[PDB]
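So this block is my_file-v3.tsv, TSV, N, CA and C atoms:
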chain	number	residue	atom	x	y	z
Q	19	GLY	N	58.35	58.96	15.10
Q	19	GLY	CA	57.60	58.63	13.90
Q	19	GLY	C	57.48	59.77	12.90
Q	20	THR	N	58.23	60.85	13.12
Q	20	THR	CA	58.21	62.00	12.23
Q	20	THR	C	59.15	61.75	11.06
Q	21	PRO	N	58.65	61.94	9.82
Q	21	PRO	CA	59.48	61.66	8.64
Q	21	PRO	C	60.62	62.64	8.53
Q	22	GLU	N	61.65	62.25	7.80
Q	22	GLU	CA	62.81	63.11	7.69
Q	22	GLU	C	63.15	63.36	6.25
Q	23	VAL	N	63.74	64.52	6.02
Q	23	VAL	CA	64.30	64.87	4.72
Q	23	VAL	C	65.75	65.23	4.93
Q	24	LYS	N	66.66	64.61	4.18
Q	24	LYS	CA	68.07	65.00	4.22
Q	24	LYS	C	68.43	65.70	2.92
Q	25	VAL	N	69.21	66.77	2.99
Q	25	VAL	CA	69.63	67.46	1.77
Q	25	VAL	C	71.07	67.94	1.89
Q	26	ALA	N	71.83	67.86	0.79
Q	26	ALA	CA	73.19	68.40	0.77
Q	26	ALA	C	73.15	69.92	0.88
Q	27	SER	N	74.10	70.47	1.62
Q	27	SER	CA	74.17	71.92	1.81
Q	27	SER	C	74.29	72.64	0.47
Q	28	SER	N	73.74	73.85	0.43
Q	28	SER	CA	73.68	74.72	-0.76
Q	28	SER	C	72.69	74.25	-1.83
Q	29	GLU	N	72.08	73.08	-1.64
Q	29	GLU	CA	71.00	72.64	-2.52
Q	29	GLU	C	69.66	73.16	-2.01
Q	30	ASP	N	68.71	73.38	-2.91
Q	30	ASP	CA	67.36	73.78	-2.54
Q	30	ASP	C	66.58	72.55	-2.07
Q	31	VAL	N	65.57	72.77	-1.24
Q	31	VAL	CA	64.69	71.67	-0.85
Q	31	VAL	C	63.24	72.15	-0.81
Q	32	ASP	N	62.33	71.29	-1.25
Q	32	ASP	CA	60.91	71.54	-1.05
Q	32	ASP	C	60.41	70.62	0.06
Q	33	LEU	N	60.31	71.15	1.27
Q	33	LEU	CA	59.89	70.36	2.43
Q	33	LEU	C	58.42	70.00	2.32
Q	34	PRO	N	58.10	68.70	2.40
Q	34	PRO	CA	56.70	68.31	2.26
Q	34	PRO	C	55.83	68.60	3.47
Q	35	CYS	N	54.60	69.03	3.21
Q	35	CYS	CA	53.58	69.19	4.24
Q	35	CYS	C	52.97	67.83	4.58
Q	36	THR	N	53.13	67.37	5.82
Q	36	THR	CA	52.71	66.01	6.17
Q	36	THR	C	51.35	65.98	6.86
Q	37	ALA	N	50.64	67.10	6.87
Q	37	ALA	CA	49.26	67.09	7.36
Q	37	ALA	C	48.42	66.16	6.46
Q	38	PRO	N	47.48	65.42	7.05
Q	38	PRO	CA	46.69	64.45	6.29
Q	38	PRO	C	45.48	65.12	5.65
Q	39	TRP	N	45.73	65.88	4.60
Q	39	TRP	CA	44.67	66.70	4.02
Q	39	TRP	C	43.75	65.96	3.06
Q	40	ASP	N	42.62	66.60	2.78
Q	40	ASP	CA	41.65	66.11	1.80
Q	40	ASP	C	41.95	66.78	0.47
Q	41	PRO	N	42.37	66.00	-0.53
Q	41	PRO	CA	42.81	66.54	-1.82
Q	41	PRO	C	41.74	67.34	-2.56
Q	42	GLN	N	40.47	67.11	-2.24
Q	42	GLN	CA	39.38	67.83	-2.90
Q	42	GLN	C	39.03	69.14	-2.18
Q	43	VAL	N	39.79	69.46	-1.13
Q	43	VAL	CA	39.59	70.70	-0.39
Q	43	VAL	C	40.78	71.64	-0.59
Q	44	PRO	N	40.52	72.90	-0.98
Q	44	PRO	CA	41.59	73.89	-1.13
Q	44	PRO	C	41.98	74.52	0.20
Q	45	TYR	N	43.22	74.33	0.64
Q	45	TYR	CA	43.66	74.89	1.91
Q	45	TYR	C	44.58	76.08	1.74
Q	46	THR	N	44.67	76.88	2.80
Q	46	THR	CA	45.74	77.85	2.92
Q	46	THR	C	46.78	77.23	3.84
Q	47	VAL	N	48.05	77.52	3.59
Q	47	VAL	CA	49.09	76.85	4.37
Q	47	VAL	C	49.91	77.83	5.20
Q	48	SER	N	50.26	77.42	6.42
Q	48	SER	CA	51.20	78.19	7.24
Q	48	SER	C	52.29	77.27	7.78
Q	49	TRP	N	53.54	77.70	7.66
Q	49	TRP	CA	54.69	76.92	8.10
Q	49	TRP	C	55.40	77.60	9.26
Q	50	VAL	N	55.84	76.81	10.24
Q	50	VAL	CA	56.75	77.33	11.27
Q	50	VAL	C	57.91	76.37	11.47
Q	51	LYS	N	59.01	76.89	12.01
Q	51	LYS	CA	60.06	76.03	12.50
Q	51	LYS	C	59.93	75.93	14.02
Q	52	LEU	N	59.86	74.72	14.55
Q	52	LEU	CA	59.75	74.51	15.99
Q	52	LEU	C	61.13	74.59	16.62
Q	53	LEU	N	61.34	75.55	17.51
Q	53	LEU	CA	62.65	75.75	18.09
Q	53	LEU	C	62.78	75.17	19.50
Q	54	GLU	N	61.72	75.34	20.29
Q	54	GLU	CA	61.67	74.93	21.69
Q	54	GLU	C	60.29	74.41	22.09
Q	87	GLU	N	52.59	69.00	-8.98
Q	87	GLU	CA	53.20	67.95	-8.17
Q	87	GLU	C	52.52	67.84	-6.81
Q	88	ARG	N	53.32	67.97	-5.75
Q	88	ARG	CA	52.83	67.87	-4.38
Q	88	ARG	C	52.62	69.27	-3.78
Q	89	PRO	N	51.37	69.61	-3.44
Q	89	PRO	CA	51.08	70.95	-2.92
Q	89	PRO	C	51.53	71.18	-1.47
Q	90	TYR	N	51.57	72.45	-1.09
Q	90	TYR	CA	51.74	72.92	0.29
Q	90	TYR	C	53.16	72.78	0.83
Q	91	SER	N	54.12	72.52	-0.06
Q	91	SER	CA	55.49	72.35	0.40
Q	91	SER	C	56.13	73.70	0.71
Q	92	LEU	N	57.17	73.67	1.54
Q	92	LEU	CA	57.93	74.88	1.87
Q	92	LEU	C	59.24	74.90	1.11
Q	93	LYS	N	59.44	75.91	0.26
Q	93	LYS	CA	60.70	75.98	-0.47
Q	93	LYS	C	61.75	76.65	0.39
Q	94	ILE	N	62.89	75.98	0.53
Q	94	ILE	CA	64.03	76.53	1.23
Q	94	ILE	C	65.22	76.50	0.28
Q	95	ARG	N	65.67	77.68	-0.13
Q	95	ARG	CA	66.72	77.76	-1.13
Q	95	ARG	C	68.10	77.81	-0.47
Q	96	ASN	N	69.10	77.29	-1.18
Q	96	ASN	CA	70.49	77.37	-0.74
Q	96	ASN	C	70.68	76.95	0.70
Q	97	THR	N	70.20	75.75	1.03
Q	97	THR	CA	70.22	75.27	2.41
Q	97	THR	C	71.59	75.36	3.07
Q	98	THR	N	71.56	75.61	4.37
Q	98	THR	CA	72.75	75.61	5.21
Q	98	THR	C	72.46	74.78	6.44
Q	99	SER	N	73.50	74.44	7.19
Q	99	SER	CA	73.33	73.66	8.42
Q	99	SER	C	72.30	74.30	9.35
Q	100	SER	N	72.30	75.63	9.36
Q	100	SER	CA	71.35	76.42	10.16
Q	100	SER	C	69.89	76.02	9.94
Q	101	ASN	N	69.57	75.56	8.73
Q	101	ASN	CA	68.19	75.22	8.36
Q	101	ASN	C	67.68	73.91	8.95
Q	102	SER	N	68.60	73.09	9.45
Q	102	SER	CA	68.22	71.81	10.04
Q	102	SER	C	67.29	72.03	11.24
Q	103	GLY	N	66.35	71.12	11.43
Q	103	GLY	CA	65.45	71.19	12.56
Q	103	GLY	C	64.10	70.58	12.24
Q	104	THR	N	63.12	70.87	13.10
Q	104	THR	CA	61.78	70.32	12.95
Q	104	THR	C	60.81	71.39	12.49
Q	105	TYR	N	60.03	71.09	11.46
Q	105	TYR	CA	59.11	72.07	10.88
Q	105	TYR	C	57.67	71.58	11.00
Q	106	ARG	N	56.72	72.50	11.09
Q	106	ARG	CA	55.31	72.11	11.21
Q	106	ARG	C	54.51	72.85	10.16
Q	107	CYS	N	53.75	72.12	9.36
Q	107	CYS	CA	52.83	72.78	8.44
Q	107	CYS	C	51.45	72.71	9.05
Q	108	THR	N	50.66	73.75	8.83
Q	108	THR	CA	49.27	73.77	9.26
Q	108	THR	C	48.41	74.20	8.10
Q	109	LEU	N	47.44	73.37	7.74
Q	109	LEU	CA	46.54	73.67	6.63
Q	109	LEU	C	45.22	74.15	7.18
Q	110	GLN	N	44.77	75.30	6.70
Q	110	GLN	CA	43.53	75.90	7.17
Q	110	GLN	C	42.40	75.71	6.16
Q	111	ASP	N	41.27	75.19	6.63
Q	111	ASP	CA	40.07	75.02	5.82
Q	111	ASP	C	39.57	76.38	5.35
Q	112	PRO	N	38.97	76.44	4.15
Q	112	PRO	CA	38.35	77.65	3.59
Q	112	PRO	C	37.39	78.39	4.53
Q	113	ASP	N	36.54	77.65	5.23
Q	113	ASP	CA	35.56	78.27	6.12
Q	113	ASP	C	36.23	78.81	7.38
Q	114	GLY	N	37.47	78.40	7.62
Q	114	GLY	CA	38.21	78.87	8.77
Q	114	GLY	C	37.81	78.19	10.07
Q	115	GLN	N	37.19	77.02	9.98
Q	115	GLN	CA	36.64	76.37	11.17
Q	115	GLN	C	37.51	75.21	11.63
Q	116	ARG	N	38.44	74.80	10.78
Q	116	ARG	CA	39.27	73.67	11.13
Q	116	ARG	C	40.63	73.77	10.49
Q	117	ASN	N	41.60	73.16	11.15
Q	117	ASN	CA	42.89	73.04	10.50
Q	117	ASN	C	43.53	71.69	10.80
Q	118	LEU	N	44.56	71.37	10.01
Q	118	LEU	CA	45.25	70.09	10.10
Q	118	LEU	C	46.74	70.37	10.12
Q	119	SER	N	47.49	69.64	10.94
Q	119	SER	CA	48.92	69.91	10.99
Q	119	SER	C	49.74	68.64	10.99
Q	120	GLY	N	50.97	68.75	10.50
Q	120	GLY	CA	51.87	67.61	10.52
Q	120	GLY	C	53.28	68.15	10.61
Q	121	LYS	N	54.21	67.32	11.09
Q	121	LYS	CA	55.58	67.77	11.24
Q	121	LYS	C	56.50	67.03	10.31
Q	122	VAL	N	57.65	67.64	10.05
Q	122	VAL	CA	58.71	66.99	9.27
Q	122	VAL	C	60.08	67.44	9.78
Q	123	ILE	N	61.07	66.55	9.73
Q	123	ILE	CA	62.43	66.93	10.13
Q	123	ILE	C	63.29	67.17	8.90
Q	124	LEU	N	64.08	68.25	8.93
Q	124	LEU	CA	65.05	68.52	7.88
Q	124	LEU	C	66.45	68.36	8.46
Q	125	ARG	N	67.28	67.56	7.80
Q	125	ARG	CA	68.70	67.53	8.15
Q	125	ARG	C	69.53	67.96	6.95
Q	126	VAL	N	70.28	69.05	7.10
Q	126	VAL	CA	71.15	69.54	6.02
Q	126	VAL	C	72.57	69.02	6.19
Q	127	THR	N	73.12	68.40	5.16
Q	127	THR	CA	74.48	67.89	5.25
Q	127	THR	C	75.35	68.36	4.08
Output the file's structure as structure tokens, nothing else.
Amino acid sequence: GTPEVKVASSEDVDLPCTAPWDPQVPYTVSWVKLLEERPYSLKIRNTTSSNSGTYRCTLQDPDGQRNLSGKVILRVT
């Protein structure tokens, strides 16, 4: 059930943060790649096949007491 983004190689992509955030709350964002307009996106320039995989965004509340996370798949072609 994880959404996917496909992009042609050498094109830039803004990977969307799929955490279910509250638009009236300002978050800080942290992105990881799991190996083993629209805010909070991750810019990946000049994509290559290497960039394909599963990514996780985590949004941190201002007070630092809670966070929200969501995953997205990138396929570079």
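Nearest residue to residue 23 of chain Q, choosing from Q:109, Q:36, Q:48, Q:54 and counting only C-alpha atoms: Q:36.
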Surrounding residues of residue 123 of chain Q excluding itself and chain neighbours under 6 positions, 6.5 Å, all atoms listed in the file, as a PyMOL selection string: chain Q and resi 20-24+103-105
Near residue 108 of chain Q, counting all atoms listed in the file, which residues have an atom at most 5 Å away, once you skip same-chain residues fewer than 3 positions from it, shown as a CSV table (one decimal) with N, CA and C atoms, in the coordinates of the input?
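Output contents, as saved in out18.csv:
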chain,number,residue,atom,x,y,z
Q,47,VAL,N,48.0,77.5,3.6
Q,47,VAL,CA,49.1,76.8,4.4
Q,47,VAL,C,49.9,77.8,5.2
Q,48,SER,N,50.3,77.4,6.4
Q,48,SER,CA,51.2,78.2,7.2
Q,48,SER,C,52.3,77.3,7.8
Q,118,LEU,N,44.6,71.4,10.0
Q,118,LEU,CA,45.2,70.1,10.1
Q,118,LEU,C,46.7,70.4,10.1
Q,119,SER,N,47.5,69.6,10.9
Q,119,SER,CA,48.9,69.9,11.0
Q,119,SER,C,49.7,68.6,11.0
Gap from atom CA of residue 89 of chain Q to atom CA of residue 30 of chain Q - Å, one decimal: 16.5 Å
Point-to-point distance in Å for atom CA of residue 106 of chain Q and atom CA of residue 49 of chain Q: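 Calculated distance between atom CA of residue 49 of chain Q and atom CA of residue 106 of chain Q is 5.8 Å.
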Sel. of strand (DSSP E or B) residues, chain Q, as a VMD selection string: chain Q and resid 22 to 25 31 to 33 46 to 52 92 to 94 103 to 110 117 to 126
Distance in Å - atom CA of residue 125 of chain Q versus atom CA of residue 39 of chain Q: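 Those two atoms sit 24.4 Å apart.
Nearest residue to residue 95 of chain Q, choosing from Q:114, Q:42, Q:126, Q:32 and counting only C-alpha atoms: Q:32.
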Extract, using only C-alpha atoms, all DNA, RNA and protein residues at most 10 Å from residue 25 of chain Q, discarding same-chain residues fewer than 4 positions from it, and format them as a compact mmCIF listing (two decimals) with N, CA and C atoms, in the coordinates of the input.
# COMPACT_ATOMS: atom_id res chain seq x y z
N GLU Q 29 72.08 73.08 -1.64
CA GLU Q 29 71.00 72.64 -2.52
C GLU Q 29 69.66 73.16 -2.01
N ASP Q 30 68.71 73.38 -2.91
CA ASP Q 30 67.36 73.78 -2.54
C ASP Q 30 66.58 72.55 -2.07
N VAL Q 31 65.57 72.77 -1.24
CA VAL Q 31 64.69 71.67 -0.85
C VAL Q 31 63.24 72.15 -0.81
N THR Q 97 70.20 75.75 1.03
CA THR Q 97 70.22 75.27 2.41
C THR Q 97 71.59 75.36 3.07
N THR Q 98 71.56 75.61 4.37
CA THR Q 98 72.75 75.61 5.21
C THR Q 98 72.46 74.78 6.44
N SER Q 99 73.50 74.44 7.19
CA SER Q 99 73.33 73.66 8.42
C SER Q 99 72.30 74.30 9.35
N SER Q 102 68.60 73.09 9.45
CA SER Q 102 68.22 71.81 10.04
C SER Q 102 67.29 72.03 11.24
N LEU Q 124 64.08 68.25 8.93
CA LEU Q 124 65.05 68.52 7.88
C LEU Q 124 66.45 68.36 8.46
N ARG Q 125 67.28 67.56 7.80
CA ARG Q 125 68.70 67.53 8.15
C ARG Q 125 69.53 67.96 6.95
N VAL Q 126 70.28 69.05 7.10
CA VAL Q 126 71.15 69.54 6.02
C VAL Q 126 72.57 69.02 6.19
N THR Q 127 73.12 68.40 5.16
CA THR Q 127 74.48 67.89 5.25
C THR Q 127 75.35 68.36 4.08
Residue nearest residue 33 of chain Q - candidates Q:101, Q:110, Q:50, Q:122, atoms counted: all atoms listed in the file: Q:122
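Shortest separation to residue 112 of chain Q among Q:43, Q:19, Q:34, Q:26 occurs at residue Q:43, atoms counted being all atoms listed in the file.
In terms of minimum interatomic distance to residue 52 of chain Q, Q:121 ranks closest within Q:121, Q:35, Q:115, Q:40, counting only C-alpha atoms.
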